[PDB]
$ cat my_file-v8.pdb   # PDB, C-alpha atoms and all ligand atoms
MODEL        1
ATOM      1  CA  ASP M 213     -46.973   0.605  -9.359
ATOM      2  CA  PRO M 214     -45.813  -0.665  -5.949
ATOM      3  CA  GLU M 215     -49.284   0.124  -4.588
ATOM      4  CA  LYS M 216     -50.893  -1.930  -7.366
ATOM      5  CA  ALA M 217     -48.718  -4.994  -6.699
ATOM      6  CA  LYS M 218     -50.153  -4.948  -3.168
ATOM      7  CA  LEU M 219     -53.461  -6.024  -4.752
ATOM      8  CA  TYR M 220     -51.943  -8.852  -6.800
ATOM      9  CA  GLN M 221     -52.678 -12.324  -5.447
ATOM     10  CA  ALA M 222     -50.206 -14.902  -6.681
ATOM     11  CA  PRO M 223     -51.543 -18.309  -7.738
ATOM     12  CA  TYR M 224     -51.004 -21.174  -5.323
ATOM     13  CA  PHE M 225     -50.381 -24.785  -6.330
ATOM     14  CA  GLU M 226     -50.488 -27.225  -3.410
ATOM     15  CA  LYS M 227     -47.031 -28.013  -2.012
ATOM     16  CA  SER M 228     -45.973 -30.517   0.593
ATOM     17  CA  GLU M 229     -43.760 -29.226   3.373
ATOM     18  CA  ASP M 230     -40.825 -31.044   1.762
ATOM     19  CA  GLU M 231     -41.533 -29.419  -1.606
ATOM     20  CA  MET M 232     -41.782 -25.989   0.009
ATOM     21  CA  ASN M 233     -38.442 -26.605   1.709
ATOM     22  CA  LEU M 234     -36.834 -27.692  -1.580
ATOM     23  CA  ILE M 235     -38.134 -24.732  -3.581
ATOM     24  CA  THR M 236     -37.437 -22.201  -0.839
ATOM     25  CA  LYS M 237     -33.817 -23.353  -0.706
ATOM     26  CA  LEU M 238     -33.492 -22.849  -4.460
ATOM     27  CA  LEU M 239     -34.982 -19.374  -4.204
ATOM     28  CA  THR M 240     -32.919 -18.235  -1.237
ATOM     29  CA  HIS M 241     -29.694 -19.145  -3.046
ATOM     30  CA  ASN M 242     -30.646 -17.678  -6.454
ATOM     31  CA  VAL M 243     -29.734 -14.022  -6.923
ATOM     32  CA  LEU M 244     -33.062 -13.072  -8.536
ATOM     33  CA  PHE M 245     -34.786 -13.402  -5.123
ATOM     34  CA  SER M 246     -32.021 -11.883  -2.988
ATOM     35  CA  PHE M 247     -34.056  -9.074  -1.420
ATOM     36  CA  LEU M 248     -37.432 -10.760  -0.984
ATOM     37  CA  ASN M 249     -38.453 -11.292   2.605
ATOM     38  CA  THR M 250     -39.412 -14.673   4.006
ATOM     39  CA  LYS M 251     -43.157 -14.197   3.544
ATOM     40  CA  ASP M 252     -42.729 -13.235  -0.108
ATOM     41  CA  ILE M 253     -40.345 -16.133  -0.819
ATOM     42  CA  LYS M 254     -43.035 -18.509   0.412
ATOM     43  CA  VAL M 255     -45.714 -16.941  -1.799
ATOM     44  CA  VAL M 256     -43.397 -17.166  -4.803
ATOM     45  CA  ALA M 257     -42.579 -20.794  -4.038
ATOM     46  CA  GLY M 258     -46.278 -21.575  -3.737
ATOM     47  CA  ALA M 259     -46.858 -20.079  -7.184
ATOM     48  CA  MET M 260     -44.347 -22.334  -8.909
ATOM     49  CA  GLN M 261     -45.182 -25.425 -10.920
ATOM     50  CA  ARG M 262     -42.935 -28.378 -11.649
ATOM     51  CA  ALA M 263     -41.757 -29.049 -15.192
ATOM     52  CA  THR M 264     -39.479 -31.713 -16.622
ATOM     53  CA  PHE M 265     -37.439 -32.026 -19.782
ATOM     54  CA  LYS M 266     -35.244 -34.548 -21.543
ATOM     55  CA  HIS M 267     -31.823 -34.333 -23.153
ATOM     56  CA  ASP M 268     -31.927 -32.101 -26.259
ATOM     57  CA  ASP M 269     -35.275 -30.494 -25.345
ATOM     58  CA  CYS M 270     -35.354 -26.730 -25.833
ATOM     59  CA  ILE M 271     -36.836 -25.058 -22.762
ATOM     60  CA  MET M 272     -37.054 -21.926 -24.888
ATOM     61  CA  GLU M 273     -35.792 -21.031 -28.338
ATOM     62  CA  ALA M 274     -34.254 -17.812 -29.584
ATOM     63  CA  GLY M 275     -36.907 -15.498 -30.989
ATOM     64  CA  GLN M 276     -39.898 -17.003 -29.177
ATOM     65  CA  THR M 277     -42.603 -14.690 -27.850
ATOM     66  CA  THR M 278     -44.623 -17.511 -26.234
ATOM     67  CA  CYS M 279     -42.457 -18.332 -23.213
ATOM     68  CA  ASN M 280     -42.712 -15.490 -20.684
ATOM     69  CA  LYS M 281     -41.883 -17.901 -17.864
ATOM     70  CA  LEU M 282     -39.075 -18.128 -15.338
ATOM     71  CA  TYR M 283     -37.516 -21.557 -14.779
ATOM     72  CA  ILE M 284     -35.467 -22.338 -11.679
ATOM     73  CA  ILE M 285     -33.525 -25.554 -12.169
ATOM     74  CA  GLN M 286     -33.824 -28.204  -9.474
ATOM     75  CA  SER M 287     -31.493 -30.626 -11.243
ATOM     76  CA  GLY M 288     -29.986 -31.054 -14.661
ATOM     77  CA  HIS M 289     -27.985 -28.745 -16.895
ATOM     78  CA  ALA M 290     -28.803 -26.735 -20.001
ATOM     79  CA  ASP M 291     -26.672 -25.092 -22.679
ATOM     80  CA  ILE M 292     -27.256 -21.470 -23.623
ATOM     81  CA  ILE M 293     -26.917 -21.352 -27.416
ATOM     82  CA  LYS M 294     -26.467 -18.225 -29.551
ATOM     83  CA  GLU M 295     -26.115 -18.600 -33.322
ATOM     84  CA  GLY M 296     -25.503 -22.325 -32.977
ATOM     85  CA  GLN M 297     -22.643 -21.842 -30.492
ATOM     86  CA  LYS M 298     -22.803 -22.990 -26.871
ATOM     87  CA  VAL M 299     -21.906 -19.912 -24.815
ATOM     88  CA  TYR M 300     -22.899 -20.708 -21.210
ATOM     89  CA  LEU M 301     -23.861 -23.670 -19.023
ATOM     90  CA  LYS M 302     -26.826 -23.410 -16.641
ATOM     91  CA  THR M 303     -26.663 -25.798 -13.692
ATOM     92  CA  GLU M 304     -28.730 -26.682 -10.642
ATOM     93  CA  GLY M 305     -30.167 -23.710  -8.804
ATOM     94  CA  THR M 306     -29.834 -21.305 -11.731
ATOM     95  CA  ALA M 307     -32.605 -19.546 -13.623
ATOM     96  CA  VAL M 308     -33.496 -19.268 -17.284
ATOM     97  CA  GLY M 309     -35.947 -16.813 -18.782
ATOM     98  CA  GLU M 310     -35.080 -13.956 -16.429
ATOM     99  CA  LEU M 311     -33.512 -11.790 -19.142
ATOM    100  CA  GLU M 312     -36.758 -11.764 -21.128
ATOM    101  CA  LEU M 313     -38.917 -11.097 -18.061
ATOM    102  CA  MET M 314     -36.662  -8.328 -16.729
ATOM    103  CA  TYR M 315     -36.167  -6.550 -20.052
ATOM    104  CA  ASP M 316     -39.382  -7.361 -21.985
ATOM    105  CA  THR M 317     -37.800  -8.882 -25.057
ATOM    106  CA  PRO M 318     -38.357 -12.075 -27.051
ATOM    107  CA  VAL M 319     -36.147 -14.993 -26.080
ATOM    108  CA  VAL M 320     -32.544 -14.037 -26.727
ATOM    109  CA  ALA M 321     -30.835 -17.440 -26.620
ATOM    110  CA  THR M 322     -31.890 -21.047 -27.017
ATOM    111  CA  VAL M 323     -31.824 -23.064 -23.788
ATOM    112  CA  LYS M 324     -31.152 -26.732 -24.580
ATOM    113  CA  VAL M 325     -31.062 -29.509 -21.980
ATOM    114  CA  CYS M 326     -27.695 -31.291 -21.988
ATOM    115  CA  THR M 327     -28.132 -33.810 -19.159
ATOM    116  CA  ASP M 328     -30.304 -36.913 -19.417
ATOM    117  CA  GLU M 329     -33.151 -35.040 -17.712
ATOM    118  CA  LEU M 330     -33.866 -31.650 -16.204
ATOM    119  CA  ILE M 331     -36.362 -30.772 -13.481
ATOM    120  CA  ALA M 332     -37.387 -27.151 -13.030
ATOM    121  CA  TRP M 333     -39.828 -25.033 -11.065
ATOM    122  CA  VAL M 334     -41.698 -22.528 -13.218
ATOM    123  CA  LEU M 335     -43.019 -19.086 -12.295
ATOM    124  CA  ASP M 336     -45.467 -17.058 -14.358
ATOM    125  CA  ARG M 337     -44.714 -13.578 -15.700
ATOM    126  CA  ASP M 338     -47.287 -11.739 -13.577
ATOM    127  CA  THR M 339     -45.974 -13.157 -10.312
ATOM    128  CA  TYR M 340     -42.416 -12.365 -11.344
ATOM    129  CA  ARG M 341     -43.284  -8.798 -12.322
ATOM    130  CA  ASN M 342     -45.498  -8.089  -9.295
ATOM    131  CA  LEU M 343     -43.581  -9.829  -6.515
ATOM    132  CA  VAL M 344     -40.003 -10.551  -7.649
ATOM    133  CA  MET M 345     -38.637  -7.973 -10.073
ATOM    134  CA  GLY M 346     -38.906  -4.983  -7.742
ATOM    135  CA  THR M 347     -36.011  -2.562  -8.218
ATOM    136  CA  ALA M 348     -33.853  -5.039 -10.167
ATOM    137  CA  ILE M 349     -32.951  -2.616 -12.938
ATOM    138  CA  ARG M 350     -32.072   0.203 -10.524
ATOM    139  CA  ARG M 351     -29.941  -2.180  -8.454
ATOM    140  CA  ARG M 352     -28.051  -3.311 -11.542
ATOM    141  CA  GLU M 353     -27.492   0.320 -12.499
ATOM    142  CA  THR M 354     -26.150   1.085  -9.003
ATOM    143  CA  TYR M 355     -23.341  -1.461  -9.308
ATOM    144  CA  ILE M 356     -22.577  -2.473 -12.890
ATOM    145  CA  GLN M 357     -20.169   0.317 -13.855
ATOM    146  CA  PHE M 358     -18.316  -0.158 -10.564
ATOM    147  CA  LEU M 359     -18.136  -3.935 -10.967
ATOM    148  CA  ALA M 360     -16.718  -3.468 -14.458
ATOM    149  CA  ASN M 361     -13.688  -1.836 -12.799
ATOM    150  CA  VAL M 362     -13.076  -4.322  -9.962
ATOM    151  CA  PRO M 363      -9.884  -6.335 -10.625
ATOM    152  CA  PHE M 364     -10.953  -9.716  -9.237
ATOM    153  CA  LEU M 365     -14.111  -9.599 -11.384
ATOM    154  CA  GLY M 366     -12.238  -8.863 -14.632
ATOM    155  CA  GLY M 367     -12.855 -12.396 -15.870
ATOM    156  CA  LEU M 368     -16.657 -12.162 -15.606
ATOM    157  CA  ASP M 369     -18.632 -11.078 -18.638
ATOM    158  CA  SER M 370     -21.408  -8.507 -18.490
ATOM    159  CA  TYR M 371     -24.074 -11.149 -17.853
ATOM    160  CA  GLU M 372     -22.126 -12.569 -14.896
ATOM    161  CA  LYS M 373     -21.398  -9.134 -13.456
ATOM    162  CA  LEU M 374     -25.112  -8.269 -13.626
ATOM    163  CA  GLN M 375     -25.958 -11.522 -11.858
ATOM    164  CA  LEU M 376     -23.604 -10.450  -9.067
ATOM    165  CA  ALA M 377     -25.188  -6.995  -8.975
ATOM    166  CA  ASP M 378     -28.602  -8.659  -8.384
ATOM    167  CA  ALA M 379     -27.347  -9.837  -4.977
ATOM    168  CA  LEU M 380     -25.528  -6.682  -3.820
ATOM    169  CA  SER M 381     -26.546  -4.041  -1.307
ATOM    170  CA  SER M 382     -24.511  -1.156   0.050
ATOM    171  CA  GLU M 383     -23.207  -0.455   3.518
ATOM    172  CA  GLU M 384     -21.127   2.475   4.736
ATOM    173  CA  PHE M 385     -18.746   2.618   7.687
ATOM    174  CA  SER M 386     -17.195   5.521   9.543
ATOM    175  CA  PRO M 387     -13.527   5.417  10.589
ATOM    176  CA  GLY M 388     -13.003   3.013  13.442
ATOM    177  CA  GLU M 389     -16.137   0.981  12.780
ATOM    178  CA  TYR M 390     -15.708  -2.780  12.467
ATOM    179  CA  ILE M 391     -16.858  -4.301   9.187
ATOM    180  CA  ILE M 392     -15.973  -7.820  10.333
ATOM    181  CA  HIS M 393     -15.266  -9.002  13.862
ATOM    182  CA  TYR M 394     -12.903 -11.848  14.668
ATOM    183  CA  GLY M 395     -14.619 -15.098  15.584
ATOM    184  CA  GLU M 396     -17.967 -14.488  13.782
ATOM    185  CA  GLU M 397     -19.748 -16.970  11.511
ATOM    186  CA  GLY M 398     -18.610 -15.255   8.306
ATOM    187  CA  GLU M 399     -21.611 -14.690   6.049
ATOM    188  CA  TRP M 400     -20.821 -11.338   4.355
ATOM    189  CA  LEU M 401     -18.424 -10.626   1.494
ATOM    190  CA  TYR M 402     -17.643  -6.945   1.003
ATOM    191  CA  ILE M 403     -16.212  -5.236  -2.063
ATOM    192  CA  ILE M 404     -14.690  -1.879  -1.194
ATOM    193  CA  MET M 405     -16.188   0.884  -3.352
ATOM    194  CA  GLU M 406     -14.370   3.676  -1.503
ATOM    195  CA  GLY M 407     -12.007   3.938   1.432
ATOM    196  CA  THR M 408      -9.383   1.905   3.242
ATOM    197  CA  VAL M 409      -9.660  -0.894   5.808
ATOM    198  CA  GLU M 410      -7.192  -2.649   8.081
ATOM    199  CA  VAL M 411      -7.133  -6.393   8.737
ATOM    200  CA  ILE M 412      -6.419  -7.167  12.407
ATOM    201  CA  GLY M 413      -5.490 -10.745  13.246
ATOM    202  CA  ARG M 414      -4.408 -12.369  16.473
ATOM    203  CA  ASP M 415      -0.750 -13.161  17.156
ATOM    204  CA  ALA M 416       0.648 -16.208  18.965
ATOM    205  CA  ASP M 417      -0.224 -14.588  22.315
ATOM    206  CA  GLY M 418      -3.817 -13.915  21.243
ATOM    207  CA  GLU M 419      -3.277 -10.149  20.943
ATOM    208  CA  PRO M 420      -4.500  -8.014  18.037
ATOM    209  CA  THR M 421      -1.897  -7.636  15.300
ATOM    210  CA  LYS M 422      -2.140  -5.661  12.070
ATOM    211  CA  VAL M 423      -1.999  -7.956   9.042
ATOM    212  CA  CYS M 424      -2.481  -5.669   6.022
ATOM    213  CA  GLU M 425      -4.712  -3.020   4.488
ATOM    214  CA  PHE M 426      -7.166  -3.165   1.609
ATOM    215  CA  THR M 427      -8.690  -0.349  -0.397
ATOM    216  CA  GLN M 428     -10.953   0.434  -3.360
ATOM    217  CA  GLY M 429     -11.635  -2.614  -5.511
ATOM    218  CA  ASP M 430     -10.416  -5.105  -2.909
ATOM    219  CA  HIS M 431     -12.635  -7.713  -1.263
ATOM    220  CA  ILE M 432     -12.879  -9.012   2.301
ATOM    221  CA  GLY M 433     -14.857 -11.874   3.831
ATOM    222  CA  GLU M 434     -14.276 -14.521   1.190
ATOM    223  CA  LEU M 435     -11.851 -16.699   3.156
ATOM    224  CA  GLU M 436     -14.519 -18.068   5.496
ATOM    225  CA  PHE M 437     -16.709 -18.894   2.488
ATOM    226  CA  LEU M 438     -13.928 -20.732   0.656
ATOM    227  CA  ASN M 439     -12.654 -22.768   3.595
ATOM    228  CA  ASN M 440     -15.737 -23.084   5.831
ATOM    229  CA  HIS M 441     -14.541 -21.528   9.073
ATOM    230  CA  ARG M 442     -15.365 -18.627  11.357
ATOM    231  CA  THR M 443     -13.667 -15.304  10.797
ATOM    232  CA  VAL M 444     -10.000 -15.129  11.720
ATOM    233  CA  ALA M 445      -9.485 -11.371  11.727
ATOM    234  CA  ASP M 446     -11.258  -8.132  12.372
ATOM    235  CA  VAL M 447     -11.621  -5.762   9.446
ATOM    236  CA  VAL M 448     -11.819  -2.137  10.579
ATOM    237  CA  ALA M 449     -12.533   0.970   8.523
ATOM    238  CA  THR M 450      -9.569   3.355   8.636
ATOM    239  CA  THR M 451     -11.377   6.019   6.594
ATOM    240  CA  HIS M 452     -14.990   6.438   5.681
ATOM    241  CA  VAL M 453     -15.702   3.270   3.730
ATOM    242  CA  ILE M 454     -18.414   2.399   1.229
ATOM    243  CA  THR M 455     -18.908  -1.288   0.464
ATOM    244  CA  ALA M 456     -20.992  -3.440  -1.779
ATOM    245  CA  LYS M 457     -22.102  -6.437   0.280
ATOM    246  CA  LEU M 458     -22.919 -10.009  -0.827
ATOM    247  CA  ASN M 459     -24.463 -12.658   1.426
ATOM    248  CA  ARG M 460     -22.787 -16.045   1.700
ATOM    249  CA  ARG M 461     -25.950 -17.757   0.443
ATOM    250  CA  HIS M 462     -25.354 -16.149  -2.979
ATOM    251  CA  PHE M 463     -21.586 -16.668  -3.151
ATOM    252  CA  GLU M 464     -21.579 -19.934  -5.107
ATOM    253  CA  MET M 465     -23.980 -18.597  -7.739
ATOM    254  CA  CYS M 466     -22.483 -15.119  -8.218
ATOM    255  CA  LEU M 467     -18.772 -15.801  -7.863
ATOM    256  CA  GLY M 468     -18.486 -19.455  -8.914
ATOM    257  CA  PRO M 469     -16.370 -18.530 -11.943
ATOM    258  CA  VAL M 470     -13.876 -16.729  -9.665
ATOM    259  CA  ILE M 471     -13.810 -19.219  -6.766
ATOM    260  CA  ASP M 472     -10.310 -20.024  -8.127
ATOM    261  CA  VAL M 473      -8.884 -16.508  -8.542
ATOM    262  CA  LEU M 474      -9.916 -16.213  -4.888
ATOM    263  CA  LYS M 475      -8.047 -19.332  -3.779
ATOM    264  CA  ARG M 476      -4.831 -17.534  -4.872
ATOM    265  CA  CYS M 477      -4.713 -15.988  -1.406
ATOM    266  CA  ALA M 478      -2.228 -18.805  -0.679
ATOM    267  CA  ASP M 479       0.321 -17.171  -2.976
ATOM    268  CA  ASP M 480      -0.246 -13.547  -2.004
ATOM    269  CA  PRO M 481       2.248 -12.492   0.692
ATOM    270  CA  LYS M 482      -0.660 -10.584   2.223
ATOM    271  CA  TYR M 483      -2.184 -13.930   3.292
ATOM    272  CA  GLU M 484       0.823 -15.371   5.162
ATOM    273  CA  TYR M 485      -1.082 -14.752   8.400
ATOM    274  CA  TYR M 486      -4.081 -16.725   7.151
ATOM    275  CA  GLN M 487      -2.021 -19.617   5.846
ATOM    276  CA  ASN M 488      -0.494 -19.937   9.317
ATOM    277  CA  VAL M 489      -3.981 -19.851  10.861
ATOM    278  CA  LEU M 490      -4.957 -22.790   8.661
ATOM    279  CA  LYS M 491      -1.669 -24.627   9.203
ATOM    280  CA  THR M 492      -1.882 -24.369  12.998
ATOM    281  CA  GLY M 493      -5.602 -25.216  13.074
ATOM    282  CA  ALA M 494      -6.608 -21.947  14.749
ATOM    283  CA  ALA M 495     -10.172 -21.661  13.397
ATOM    284  CA  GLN M 496     -13.338 -23.666  13.852
ATOM    285  CA  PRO M 497     -15.813 -24.708  11.152
ATOM    286  CA  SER M 498     -18.666 -22.651   9.773
ATOM    287  CA  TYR M 499     -20.829 -23.700   6.815
ATOM    288  CA  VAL M 500     -23.308 -21.888   4.596
ATOM    289  CA  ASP M 501     -26.793 -21.658   6.093
TER     290      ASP M 501
HETATM  291  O1  LIG I   1     -25.146 -14.248 -22.204
HETATM  292  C1  LIG I   1     -25.734 -15.022 -21.503
HETATM  293  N1  LIG I   1     -25.084 -15.643 -20.543
HETATM  294  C2  LIG I   1     -25.730 -16.533 -19.743
HETATM  295  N2  LIG I   1     -27.050 -16.787 -19.921
HETATM  296  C3  LIG I   1     -27.723 -16.185 -20.878
HETATM  297  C4  LIG I   1     -27.060 -15.286 -21.698
HETATM  298  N3  LIG I   1     -28.053 -14.825 -22.615
HETATM  299  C5  LIG I   1     -29.192 -15.480 -22.261
HETATM  300  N4  LIG I   1     -28.879 -16.218 -21.314
HETATM  301  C6  LIG I   1     -29.949 -16.994 -20.719
HETATM  302  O2  LIG I   1     -30.729 -17.705 -21.610
HETATM  303  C7  LIG I   1     -32.125 -17.323 -21.434
HETATM  304  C8  LIG I   1     -32.808 -17.195 -22.772
HETATM  305  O3  LIG I   1     -32.331 -16.068 -23.493
HETATM  306  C9  LIG I   1     -32.051 -16.046 -20.602
HETATM  307  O4  LIG I   1     -33.243 -15.773 -19.894
HETATM  308  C10 LIG I   1     -30.841 -16.310 -19.725
HETATM  309  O5  LIG I   1     -31.168 -17.213 -18.672
HETATM  310  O1  LIG I   2      -3.902 -13.070   6.164
HETATM  311  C1  LIG I   2      -4.772 -12.351   5.729
HETATM  312  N1  LIG I   2      -4.450 -11.497   4.783
HETATM  313  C2  LIG I   2      -5.382 -10.673   4.238
HETATM  314  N2  LIG I   2      -6.675 -10.694   4.646
HETATM  315  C3  LIG I   2      -7.036 -11.530   5.606
HETATM  316  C4  LIG I   2      -6.076 -12.372   6.162
HETATM  317  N3  LIG I   2      -6.784 -13.123   7.155
HETATM  318  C5  LIG I   2      -8.066 -12.677   7.093
HETATM  319  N4  LIG I   2      -8.098 -11.781   6.216
HETATM  320  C6  LIG I   2      -9.388 -11.180   5.898
HETATM  321  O2  LIG I   2     -10.218 -10.943   6.979
HETATM  322  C7  LIG I   2     -11.490 -11.632   6.763
HETATM  323  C8  LIG I   2     -11.983 -12.227   8.054
HETATM  324  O3  LIG I   2     -11.173 -13.317   8.459
HETATM  325  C9  LIG I   2     -11.169 -12.629   5.660
HETATM  326  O4  LIG I   2     -12.302 -13.070   4.942
HETATM  327  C10 LIG I   2     -10.183 -11.851   4.816
HETATM  328  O5  LIG I   2     -10.874 -10.895   4.016
ENDMDL
END
$ encode --input "my_file-v8.pdb" --output "structure tokens"
Amino acid sequence: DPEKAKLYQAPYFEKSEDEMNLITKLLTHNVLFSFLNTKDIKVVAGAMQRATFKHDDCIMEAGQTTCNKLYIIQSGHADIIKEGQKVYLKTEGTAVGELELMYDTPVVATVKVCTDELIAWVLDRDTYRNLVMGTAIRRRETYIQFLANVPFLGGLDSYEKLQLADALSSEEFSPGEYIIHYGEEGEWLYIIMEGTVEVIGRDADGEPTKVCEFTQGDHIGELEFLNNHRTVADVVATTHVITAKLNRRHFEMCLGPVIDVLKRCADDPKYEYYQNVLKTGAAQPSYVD
């Protein structure tokens, strides 16, 4: 199969440089494209066509077999409706139609525009299957059972956990290896699948100081993403460690629903060090790419 996709030539619809930039930004922040390289992202963007909708339009309707398209929303929102009940809200940058393309099933839920207008970029099934889907199902299988047992993700439903899985890769560390170094940009969030880590801050004299430990099910790296600064501690493996790793460019999409659970670092006594870093102004800015 992978050898056959090599022979597939995606369609191209003329794009200005500004349109390519716009679409590429949507794709590089949407989890469905997480592991495509830069050349492939550009081919996929070139294959997309613009579509627009009005309030109350159905982009697709439950039961349809005639869609078979992937829509990435530029702007506007849409309700996901099952059995007449609104169950999810799709917003800018998100995709609709991916469930049907990934799992080869008729449309599962109605997608109904709920803003005045919606603008989307649309990809055909063949380009999705040949260039995008890749190992999506295997990747979901690698992580889903684990994610279902991670405390800070307990509020996400299955759909949201699978969306997070789409953006995860694995990295292992031997004892004494640094997962995060102090003073770095801060673009990786790690969820500990196995092992123990130590958080090493800097004290008032600038010397390393042990802050706390984390272990299986804990996360590190989110503080820089929440508060837009460079890293303020090292994180060092104290045992062999296995992590699932999420890039900052996917954080808003995958973990949006828990952005608040994560702000509760303020209350945790384990984050006294960090709160003092923020209070004293000891970190410089860093924003998502
Ligand atoms: O449970 C869900 N949560 C969020 N979105 C969903 C869910 N089921 C479907 N969709 C979305 O609606 C489209 C049409 O079925 C799917 O492709 C997916 O984007
Ligand atoms: O005070 C703290 N308590 C617990 N973890 C911390 C604290 N400060 C930093 N980190 C952790 O180290 C990473 C890099 O700065 C942060 O993202 C967070 O996971």
$ closest_residue --input "my_file-v8.pdb" --among "M:270, M:377, M:234, M:326" --to "ligand LIG 1 (chain I)" --atoms "all atoms listed in the file"
M:270
$ closest_residue --input "my_file-v8.pdb" --among "M:420, M:493, M:316, M:277" --to "residue M:345" --atoms "all atoms listed in the file"
M:316
$ axis_aligned_box --input "my_file-v8.pdb" --around "ligand LIG 2 (chain I)" --padding-each-side "4 Å" --output "AutoDock Vina command-line options"
--center_x -8.1 --center_y -12.0 --center_z 6.2 --size_x 16.4 --size_y 10.6 --size_z 12.4
$ residues_near_ligand --input "my_file-v8.pdb" --ligand "ligand LIG 1 (chain I)" --cutoff "6 Å" --atoms "only C-alpha atoms and all ligand atoms" --output "ChimeraX atom specification"
/M:292,300,307-312,319-323,371
$ residues_near_ligand --input "my_file-v8.pdb" --ligand "ligand LIG 2 (chain I)" --cutoff "9 Å" --atoms "all atoms listed in the file" --output "count of residues only"
43
$ residues_around --input "my_file-v8.pdb" --residues "stretch 216-232 of chain M" --least-positions-apart "4" --cutoff "8 Å" --atoms "all atoms listed in the file" --output "list in words"
residues 236, 254, 255, 256, 257, 258, 259, 260, 261, 339, 342 and 343 of chain M
$ atom_distance --input "my_file-v8.pdb" --atom1 "atom CA of residue M:389" --atom2 "atom CA of residue M:454"
11.9 Å
$ closest_residue --input "my_file-v8.pdb" --among "M:233, M:306, M:249, M:408" --to "residue M:284" --atoms "all atoms listed in the file"
M:306
$ residues_around --input "my_file-v8.pdb" --residues "stretch 348-364 of chain M" --least-positions-apart "4" --cutoff "9 Å" --atoms "all atoms listed in the file" --output "list in words"
residues 244, 314, 315, 344, 368, 369, 370, 373, 374, 375, 376, 377, 378, 379, 380, 381, 403, 405, 428, 429, 430, 431, 456, 470, 473 and 474 of chain M
$ closest_residue --input "my_file-v8.pdb" --among "M:451, M:241, M:313, M:273" --to "residue M:335" --atoms "all atoms listed in the file"
M:313
$ atom_distance --input "my_file-v8.pdb" --atom1 "atom CA of residue M:324" --atom2 "atom CA of residue M:285"
12.7 Å
$ closest_residue --input "my_file-v8.pdb" --among "M:237, M:289, M:452, M:457" --to "residue M:388" --atoms "all atoms listed in the file"
M:452
$ closest_residue --input "my_file-v8.pdb" --among "M:271, M:391, M:465, M:409" --to "residue M:238" --atoms "only C-alpha atoms"
M:465
$ atom_distance --input "my_file-v8.pdb" --atom1 "atom CA of residue M:496" --atom2 "atom CA of residue M:440"
8.4 Å
